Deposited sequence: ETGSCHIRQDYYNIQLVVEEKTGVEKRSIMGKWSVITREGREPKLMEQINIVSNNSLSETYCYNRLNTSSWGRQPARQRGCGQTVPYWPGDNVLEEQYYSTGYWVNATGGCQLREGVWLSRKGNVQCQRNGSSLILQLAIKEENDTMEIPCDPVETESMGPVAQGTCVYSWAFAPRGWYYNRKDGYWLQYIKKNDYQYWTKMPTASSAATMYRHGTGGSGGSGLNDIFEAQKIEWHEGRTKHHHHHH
C-alpha cells in the first residue's frame, strides 16, 4: 500500500503480532501503529527497501488477514463509507480496532448477504446516530430508521 519512511517525530508505542493480534507496548515490530501528523493511526508493515542508494526500511499500510485475531473491530469502512461494527457484519476493506488503529483488511463492500455499503444505494439508515446508505439485492435492513 502507501509507504512512508519513519520520521523522528513518530512516537511508535504499539506493536501487533501479525497472526495472533496480541497488542504490546513497544517501539519496534513487524507491524506497528503509525500516526502520521494529523492522520488517523494505521497499522503498518515494516518493509525492506533501497533508498538513496542504501538499504533501508519503510512502513506500508499493507493488507492483513485479521481472522485469526479472534476479536472484532469497533468500526469498518469500505467504498467510501465508515460504519459502526455490528455483530453479523462481514469483513469490509478496512477495520478500526478500539485501542486505536485502522487495519487494511481482506474484505470488500458487502456488509451482509446481498447488502452493500454503497454511496449510490437505495436505502438510507443509521447506526447509533451514524448515517449510512445501503444497496440491497424479503431483505433485512441491518440498521435503524432515520426517524427518531
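Participant: Just jot down which stretches of the deposited chain sequence have no CA coordinates, in the order they come.
Facilitator: 1-2, 140-145, 157-247 are the stretches of the deposited chain that have no C-alpha coordinates in the structure.
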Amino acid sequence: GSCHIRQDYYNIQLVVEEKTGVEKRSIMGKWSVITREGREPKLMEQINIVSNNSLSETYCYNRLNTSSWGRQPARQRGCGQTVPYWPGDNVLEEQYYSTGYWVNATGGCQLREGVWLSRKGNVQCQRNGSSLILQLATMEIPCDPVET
From here on, numbers count along this sequence of modelled residues.
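Participant: Would 41-49 or 54-62 have the larger average of its C-alpha temperature factors, as given in the entry?
Facilitator: Averaging CA B-factors over each stretch, the winner is 54-62.
Participant: Of the two stretches 82-90 and 31-39, which shows the higher Cα B-factor on average in the entry?
Facilitator: It is 31-39 that shows the higher mean C-alpha B-factor.
Participant: For the listed residues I133, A137, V22, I12, which one has the largest C-alpha B-factor as given in the deposited model?
Facilitator: In the PDB entry, the greatest C-alpha B-factor among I133, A137, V22, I12 is found at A137.
Participant: Grab the CA temperature factor for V115 from the record and place it in the lowest, middle or highest third of its chain.
Facilitator: For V115, the deposited C-alpha B-factor lands in the lowest third.
Participant: C-alpha B factor of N122, ranked within the chain: lowest, middle or highest third?
Facilitator: As the PDB entry reports it, the C-alpha B-factor of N122 lands in the highest third of its chain.
Participant: Place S98 in the lowest, middle or highest third of its chain's C-alpha B-factors, as listed in the PDB entry.
Facilitator: Lowest third.
Participant: By its CA B factor, does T106 count among the lowest, middle or highest third of the modelled residues in the chain?
Facilitator: Highest third - that is where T106 ends up once the chain's C-alpha B-factors are sorted.
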